[PDB]
């Protein structure tokens, strides 16, 4: 099999540059301003100009300014980006029917048909990198391999703005040499548990007795790693479906008083519905971010579709259930709609 993974470089900041070329060659930081206090918020993404110095996704907006006090700071604009992305996901469709849109900027292609070997593979990587650069003036990175996991890893290496192949032989050394923590789906926490169990390489997973790996990190995860290590991973490419929509927001001050919260909660549903568009959910969830930054949630399924009027009531009851079964204050509040018709 031969899978080609495509990944957009620092996407949000690149589109920002694209939309005002002057920004070219400068450190651009796409930020999310919570508006709580002076320059409060976080970092959505920074371009190469900023990254290399430390500014990265997750750092506060105040920390970033201490490093690059004079870079460009712009508020995120999901809508525009999302649309830019949509277009690009099309140039690709025009490269196969088997396309999996993993995220707003990640996508996998199943070219096992078209191309005959890694040779023609590269040609198409290039032929593809180009197209998107022409049509939309945006740089990406290609990864090619026996499957989605490596095609992706393939892309993490050759980044930014590169293209890389990882053929069987090389995969082999990776299953052994490649770090366990650098394997897709293994976040700190897991990579951590995998530490104790003495696992540090995909190989290491073959020594331990399954059931101890299962009682630890989970059967799915466990099986996932195994198949990978034994060189038997091969999940196909499928067209994923938005199985949920929501929208959380923050208040100027943490609160516990229901009246003080409602207004925020509604604004949340309001936007959530706008997103929904044409879609009708059967499930609802109120999500609260307590002051200590711990997420608390309460929801409910209905035997029918939820109207907007219904959401307003349902959400105010589930929020009450939250202030009840919890004494902490709320820093953020939002709704999540699922189980569409």
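Numbering follows the first chain given and starts at 1. In this text, rigid core is short for the largest set of C-alphas that superpose within 1.5 Å between two forms.
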{"item": "Which of 194-202 and 137-145 strays further in 8 other deposited structures of this protein - Cα RMS after rigid core alignment", "value": "194-202"}
{"item": "Higher-deviation segment by CA RMS in 8 other deposited structures of this protein, core fitted, 205-213 or 80-88", "value": "205-213"}
{"item": "Between the two ranges 92-100 and 142-150, the one averaging a larger CA B factor in the entry", "value": "92-100"}
{"item": "Given 77-85 and 199-207, the range whose Cα B-factors average higher in the PDB entry", "value": "199-207"}
{"item": "Residue with highest C-alpha B-factor in the PDB entry, from 71, 191, 265, 220", "value": "191"}
{"item": "Highest-ranked of 245, 226, 248, 178 once sorted by CA temperature factor in the record", "value": "178"}
{"item": "Third of chain Cα B-factors occupied by residue 163", "value": "middle"}
{"item": "For residue 276, the third of its chain into which the C-alpha B factor falls", "value": "highest"}
{"item": "Chain-relative CA temperature factor third for residue 213", "value": "highest"}
{"item": "Within-chain third of residue 53 by Cα B-factor, per the entry", "value": "middle"}
{"item": "Third of the chain, ranked by Cα B-factor, where residue 329 sits", "value": "highest"}
